Amino acid sequence: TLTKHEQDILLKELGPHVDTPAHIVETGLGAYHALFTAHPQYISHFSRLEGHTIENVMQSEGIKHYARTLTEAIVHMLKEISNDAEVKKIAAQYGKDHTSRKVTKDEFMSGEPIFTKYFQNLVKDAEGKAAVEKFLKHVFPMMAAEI
Ligand code: HEM
């Protein structure tokens with residue numbers, strides 16, 4: 001399980017990106033710009049991104065909705081990342097948000113390297129970039145097991 005120290009480093013270094021509603025949305029938008037630039041065929045899987053392609057998805061109203069839900073799901077797991085039983089419970093809930101959707105388990109896991117690089121570019125030092133990678137490597141398989 002991640003240590004309380006690692007939880008503290010993550011919360012401290014990601015704090016300026018998740019401290020206001022506007023910051024939450026800008027952090028999420030960056031994650032989707034990375035995910036869809038690598039895999040633009042994933043836009044079609046999200047119901048509110050109907051009618052859009054890579055040329056115009058980032059300007060949509062629907063992408064702002066998912067920017068908040070993705071980022072706030074991540075911050076909920078970060079807040080409990082040193083509590084093994086709670087983060088496993090939370091991650092199971094977020095994985096279950098994907099079971100009946102159009103996304104495959106392989107597509108879901110393809111987000112790991114993209115979100116790791118993106119979130120690592122938001123933090124300031126190597127310790128925090130390593131914690132971001134450890135965090136995502138721990139929660140991605142918990143969520144993916146529900147898919
Ligand atoms: C850190 C990893 C991830 C987290 C925490 C996460 C979290 C979520 C959450 C909370 C929802 C529900 C959205 C809502 O309330 O509207 C959702 C939906 C969904 N996610 Fe993820 N997700 C992650 C990775 C991915 C990846 C890599 C994909 C790949 C395409 C993906 C595809 C989807 C799809 C297709 C939906 C359903 C959206 C709809 O049809 O409106 N997720 N995800």
# chains A, B, ... in the order shown; residues from 1 in each chain; ligands from 1
call {"tool": "residues_around", "arguments": {"residues": "residue 83 in chain A", "least_positions_apart": "3", "cutoff": "12 Å", "atoms": "only C-alpha atoms", "output": "ChimeraX atom specification"}}
result
/A:1-4,6-7,76-80,86-91
call {"tool": "residues_around", "arguments": {"residues": "residue 34 in chain A", "least_positions_apart": "4", "cutoff": "10 Å", "atoms": "only C-alpha atoms", "output": "list in words"}}
result
residues 29, 30, 38, 39, 40, 111, 114, 115, 117 and 118 of chain A
call {"tool": "select_by_dssp", "arguments": {"residues": "range 80-146 of chain A", "states": "alpha helix (DSSP H)", "output": "JSON, numbers by chain"}}
result
{"A": [84, 85, 86, 87, 88, 89, 90, 91, 92, 93, 94, 95, 96, 105, 106, 107, 108, 109, 110, 111, 112, 113, 114, 115, 116, 117, 118, 119, 120, 121, 122, 126, 127, 128, 129, 130, 131, 132, 133, 134, 135, 136, 137, 138, 139, 140, 141, 142, 143, 144]}
call {"tool": "write_last_selection", "arguments": {"atoms": "C-alpha atoms", "output": "CSV table (one decimal), in the first residue's frame"}}
result
chain,number,residue,atom,x,y,z
A,84,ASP,CA,-5.4,0.0,1.7
A,85,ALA,CA,-9.0,-1.2,2.4
A,86,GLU,CA,-10.6,2.2,1.6
A,87,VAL,CA,-8.7,2.9,-1.6
A,88,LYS,CA,-9.5,-0.6,-2.8
A,89,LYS,CA,-13.2,0.0,-2.1
A,90,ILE,CA,-13.1,3.4,-4.0
A,91,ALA,CA,-11.2,2.0,-6.9
A,92,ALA,CA,-13.7,-0.8,-7.3
A,93,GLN,CA,-16.4,1.8,-7.5
A,94,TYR,CA,-14.6,3.8,-10.2
A,95,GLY,CA,-13.8,0.6,-12.1
A,96,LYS,CA,-17.6,-0.3,-12.0
A,105,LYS,CA,-10.1,-3.3,-20.3
A,106,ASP,CA,-7.0,-2.9,-22.7
A,107,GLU,CA,-8.1,0.6,-23.7
A,108,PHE,CA,-8.6,1.5,-20.0
A,109,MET,CA,-5.1,0.2,-19.1
A,110,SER,CA,-3.7,2.2,-22.1
A,111,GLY,CA,-4.5,5.3,-20.1
A,112,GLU,CA,-1.9,4.5,-17.4
A,113,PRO,CA,1.2,5.6,-19.2
A,114,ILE,CA,-0.5,8.7,-20.6
A,115,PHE,CA,-1.9,9.8,-17.2
A,116,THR,CA,1.4,9.0,-15.5
A,117,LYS,CA,3.4,11.2,-17.8
A,118,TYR,CA,0.8,14.0,-17.7
A,119,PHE,CA,0.4,14.0,-13.9
A,120,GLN,CA,4.2,13.8,-13.5
A,121,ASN,CA,4.6,17.0,-15.6
A,122,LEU,CA,2.3,18.8,-13.1
A,126,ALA,CA,11.5,13.7,-8.8
A,127,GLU,CA,10.1,12.3,-5.6
A,128,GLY,CA,6.6,13.6,-6.5
A,129,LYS,CA,7.0,12.2,-10.1
A,130,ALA,CA,7.9,8.8,-8.7
A,131,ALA,CA,4.9,8.9,-6.3
A,132,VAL,CA,2.5,9.8,-9.2
A,133,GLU,CA,3.8,6.7,-11.1
A,134,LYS,CA,3.4,4.4,-8.0
A,135,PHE,CA,0.0,5.8,-7.2
A,136,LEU,CA,-1.4,5.1,-10.7
A,137,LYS,CA,0.3,1.7,-11.0
A,138,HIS,CA,-1.5,0.7,-7.8
A,139,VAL,CA,-5.0,2.0,-8.6
A,140,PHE,CA,-5.2,1.3,-12.3
A,141,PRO,CA,-5.3,-2.5,-11.9
A,142,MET,CA,-7.8,-2.2,-9.0
A,143,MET,CA,-10.2,-0.2,-11.3
A,144,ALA,CA,-9.5,-2.4,-14.4
call {"tool": "residues_near_ligand", "arguments": {"ligand": "ligand 1", "cutoff": "6 Å", "atoms": "only C-alpha atoms and all ligand atoms", "output": "PyMOL selection string"}}
result
chain A and resi 42+45-48+66+69-70+73-74+94+97-98+101-103+107-108+111
call {"tool": "write_last_selection", "arguments": {"atoms": "N, CA and C atoms", "output": "mmCIF file, in the first residue's frame"}}
result
data_model
loop_
_atom_site.group_PDB
_atom_site.id
_atom_site.type_symbol
_atom_site.label_atom_id
_atom_site.label_comp_id
_atom_site.auth_asym_id
_atom_site.auth_seq_id
_atom_site.Cartn_x
_atom_site.Cartn_y
_atom_site.Cartn_z
ATOM 1 N N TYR A 42 -10.801 7.121 -28.917
ATOM 2 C CA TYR A 42 -11.516 6.950 -27.639
ATOM 3 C C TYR A 42 -12.583 8.032 -27.451
ATOM 4 N N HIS A 45 -16.228 6.971 -27.316
ATOM 5 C CA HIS A 45 -16.735 6.154 -26.221
ATOM 6 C C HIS A 45 -17.486 6.947 -25.165
ATOM 7 N N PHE A 46 -17.341 8.272 -25.154
ATOM 8 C CA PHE A 46 -17.942 9.084 -24.100
ATOM 9 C C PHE A 46 -19.220 9.723 -24.622
ATOM 10 N N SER A 47 -20.327 9.441 -23.960
ATOM 11 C CA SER A 47 -21.633 9.867 -24.418
ATOM 12 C C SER A 47 -21.700 11.368 -24.656
ATOM 13 N N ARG A 48 -21.145 12.178 -23.750
ATOM 14 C CA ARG A 48 -21.335 13.629 -23.934
ATOM 15 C C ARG A 48 -20.397 14.204 -24.970
ATOM 16 N N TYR A 66 -16.359 15.888 -17.953
ATOM 17 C CA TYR A 66 -15.438 14.769 -17.682
ATOM 18 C C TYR A 66 -14.148 15.275 -17.069
ATOM 19 N N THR A 69 -15.114 15.230 -13.470
ATOM 20 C CA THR A 69 -15.307 13.930 -12.828
ATOM 21 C C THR A 69 -14.033 13.094 -12.744
ATOM 22 N N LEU A 70 -13.184 13.146 -13.770
ATOM 23 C CA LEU A 70 -11.948 12.383 -13.738
ATOM 24 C C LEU A 70 -11.049 12.880 -12.611
ATOM 25 N N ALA A 73 -12.331 12.131 -9.139
ATOM 26 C CA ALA A 73 -12.170 10.691 -8.783
ATOM 27 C C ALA A 73 -10.722 10.444 -8.377
ATOM 28 N N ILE A 74 -9.755 10.986 -9.130
ATOM 29 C CA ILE A 74 -8.332 10.856 -8.783
ATOM 30 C C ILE A 74 -8.095 11.443 -7.410
ATOM 31 N N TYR A 94 -14.922 3.130 -8.918
ATOM 32 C CA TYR A 94 -14.641 3.793 -10.188
ATOM 33 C C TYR A 94 -14.471 2.774 -11.307
ATOM 34 N N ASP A 97 -17.713 2.052 -12.883
ATOM 35 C CA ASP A 97 -18.237 3.062 -13.810
ATOM 36 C C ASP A 97 -17.888 2.742 -15.257
ATOM 37 N N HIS A 98 -17.056 1.722 -15.520
ATOM 38 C CA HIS A 98 -16.620 1.437 -16.886
ATOM 39 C C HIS A 98 -17.175 0.097 -17.389
ATOM 40 N N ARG A 101 -19.801 0.330 -20.184
ATOM 41 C CA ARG A 101 -19.484 1.358 -21.186
ATOM 42 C C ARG A 101 -18.731 0.734 -22.347
ATOM 43 N N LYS A 102 -18.411 1.497 -23.382
ATOM 44 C CA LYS A 102 -17.839 1.072 -24.641
ATOM 45 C C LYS A 102 -16.356 0.802 -24.622
ATOM 46 N N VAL A 103 -15.712 1.125 -23.544
ATOM 47 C CA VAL A 103 -14.279 1.013 -23.340
ATOM 48 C C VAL A 103 -13.900 -0.428 -22.984
ATOM 49 N N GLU A 107 -8.081 -0.852 -23.472
ATOM 50 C CA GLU A 107 -8.095 0.596 -23.709
ATOM 51 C C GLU A 107 -7.952 1.328 -22.369
ATOM 52 N N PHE A 108 -8.701 0.871 -21.340
ATOM 53 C CA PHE A 108 -8.624 1.505 -20.013
ATOM 54 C C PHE A 108 -7.185 1.505 -19.549
ATOM 55 N N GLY A 111 -4.549 3.985 -20.661
ATOM 56 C CA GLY A 111 -4.497 5.337 -20.086
ATOM 57 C C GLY A 111 -3.405 5.484 -19.066
#
call {"tool": "atom_distance", "arguments": {"atom1": "CA of residue 49 in chain A", "atom2": "CA of residue 62 in chain A"}}
result
5.7 Å
call {"tool": "closest_residue", "arguments": {"among": "A:63, A:10, A:145, A:24", "to": "residue 43 in chain A", "atoms": "only C-alpha atoms"}}
result
A:63
